[PDB]
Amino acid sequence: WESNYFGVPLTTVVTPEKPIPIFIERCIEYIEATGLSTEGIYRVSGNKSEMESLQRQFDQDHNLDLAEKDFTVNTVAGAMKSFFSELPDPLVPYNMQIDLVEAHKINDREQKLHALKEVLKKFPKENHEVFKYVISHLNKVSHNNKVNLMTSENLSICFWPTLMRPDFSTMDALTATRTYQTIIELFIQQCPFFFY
């Protein structure tokens, strides 16, 4: 199917005054109100038909109310990720990724985090805002890990491919895996240091 909202550049669906895509707001706000206790949220994949549906229905009118529509929490979670994997360019731009990976080389933890926050300063503002929003949301989901089982480590495992889209004819898949996973885990766990 075709869309004016999904699969289009990030700037097309955000303004500097309302920087978070409305679809992302709906899903995250609904997931926070409905799914913070669901085991494996974001890790479990949902009905692909139900997501395509949710996206299509939202495409029709942007005031869609997920409450009045009886969607699985996993369906809304998966549909939220889908928006990001459908973006023409990954939320975390490739150029920033290079710098992110470099900073990560620094072994001392405090040093490493400063290095990382430095790259974080160079993000395009449109992305930095959405990244901030998503990451804090994930930080919150992680605060209920005893119940929902999704520690910050787990959450990056579900998210780093989606947010970064690494090209694996450019690095060893296993090593690139540990590297991206940890980077996102740090952004999630050290959310306050990176974003407060």
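Numbers for residues come from their place in the sequence shown, where the first is 1.
| message | Quick check: 158-166 versus 60-68, which has the larger average CA B-factor in the record? | response | Mean C-alpha B-factor is greater for 60-68.
| request: Would you determine, from the values in the PDB entry, which of 178-186 and 5-13 has the greater average C-alpha temperature factor? | output: In the deposited entry, the stretch with the higher C-alpha B-factor mean is 5-13.
| Which of these, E50, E39, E153, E29, has its C-alpha atom at the highest B-factor, as the entry lists it? | Of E50, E39, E153, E29, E50 has the highest C-alpha B-factor.
| So among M171, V141, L149, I135, who wins on Cα B-factor in the entry? | Of the options given, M171 has the highest CA B-factor in the PDB entry.
| message | Is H104 in the lowest, middle or highest third of its chain when residues are ranked by C-alpha B-factor? | response | Tercile = highest for this residue's CA B-factor.
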